[PDB]
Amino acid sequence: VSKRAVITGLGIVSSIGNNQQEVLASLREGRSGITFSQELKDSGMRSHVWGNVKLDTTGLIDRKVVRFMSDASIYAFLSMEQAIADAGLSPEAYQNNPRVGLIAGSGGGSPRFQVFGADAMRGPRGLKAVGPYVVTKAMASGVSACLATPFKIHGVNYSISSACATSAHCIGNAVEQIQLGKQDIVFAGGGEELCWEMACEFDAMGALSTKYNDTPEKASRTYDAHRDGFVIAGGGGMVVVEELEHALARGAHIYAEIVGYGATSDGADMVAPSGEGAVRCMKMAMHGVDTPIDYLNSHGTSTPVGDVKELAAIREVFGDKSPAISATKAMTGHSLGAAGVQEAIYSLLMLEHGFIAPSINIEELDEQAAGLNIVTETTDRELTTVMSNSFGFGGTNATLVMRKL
């Protein structure tokens, strides 16, 4: 028989909380992670906001392992430790075990350290200034390599990259490993650094927010008529995807089962979605799921184009049976590769603690958002089935559907 996959542990470092407790509080309160960045302004950009991680990471991780890591790996690492703790896994349980694996990625590796390495090459010292550690900080697989090694992972070990769907495809791929019976546990998630080196390339396409540099907590404002792009964010998240029989036999806490995973492709435009991909993606995630979506964490990035196409696709999927929607990115900003796992965790906390978090900074709605149930006030509700979406450049789409046992 094909197996079932459940979430038995989570960890997160995000612009709105350094662990799941801080995040739970933020979600209930609609607290913004967005702040003004003197680094973005000093670089020459027109976006001066960001969802930064509010934590000095200097010296938190052992020298011998942190020497290989860029910030994406740092955040994913710290998230992993919390997830291992949450799942109640001892070292003997998950280390040196061929049935325990890890799939975790970033959207962009480390632009900061690819730039460092070249800047140092071109200087007076040459190779001597580069150092022997840039490759592992810059490779696209840094997040998985820098965690699989110190945590003694013996099973699957690789990253998925799919732009801003990255960490949701990681979770989905981890579920398929469980389903195929190849792994008992897979740590799944990702991380993303926060730096002008990569922010400025988004500004050059005019995708970031330019108008609210003086009012940072308002710049990210999904579904609002005067949204002017997304607020870039950094951070990390990790969940423990576990086979159901294995979780039961060890007495684990089960947040939820993953009952659906959709992954589709638009095959259309390189930077704007098609909605058609999203429709099939949510549909394939709901396939065989005999309960309704009680809550839907949208992808919603506060972009002109993005927010509408997803509401359109949402409207086509659900008929007169629409569920509630909020864009937590209105509080958090957009962590890119780490977005999917973080939003999976926000959705899991809404399910565990029976509320719906609000989409904030909607002063004036958008006409296309009519008839839809965009929850803008924290609301207590017994949720049973939740759904989260992530989309990315290149027309890549991911959907996860999560249900209580």
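Definition used throughout: the rigid core is the maximal C-alpha set that superposes within 1.5 Å between two forms. Don't overthink the numbering: it's just position in the shown sequence, from 1.
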| Fit on the core, then compare CA atoms: does 313-321 or 72-80 lie farther from this form in 8 other deposited structures of this protein? | 313-321
| message | Going by the mean C-alpha B-factor recorded in the entry, which is higher: 157-165 or 194-202? | response | 194-202
| remark: Ranked by mean Cα B-factor in the entry, 140-148 and 222-230, top stretch is 222-230
| field | Top Cα B factor in the deposited entry, candidates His334, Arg280, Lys321, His246 | value | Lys321
| field | Identity of residue with top Cα B-factor, from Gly236, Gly101, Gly300, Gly126 | value | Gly126
| request: Please rank the C-alpha B-factors of the chain's modelled residues and tell me whether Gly288 sits in the lowest, middle or highest third. | output: highest
| message | When the deposited Cα B-factors of this chain's modelled residues are ordered and cut into thirds, is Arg250 in the lowest, the middle or the highest one? | response | middle
| task | Looking at the entry's B-factor column for C-alpha atoms only, identify whether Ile356 ranks in the lowest, middle or highest third of its chain. | result | middle
| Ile362 - which third its CA temperature factor falls in, relative to the rest of the chain | highest
| query | Hey, what third does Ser26 fall into on Cα B-factor, ranked over its chain? | reply | middle
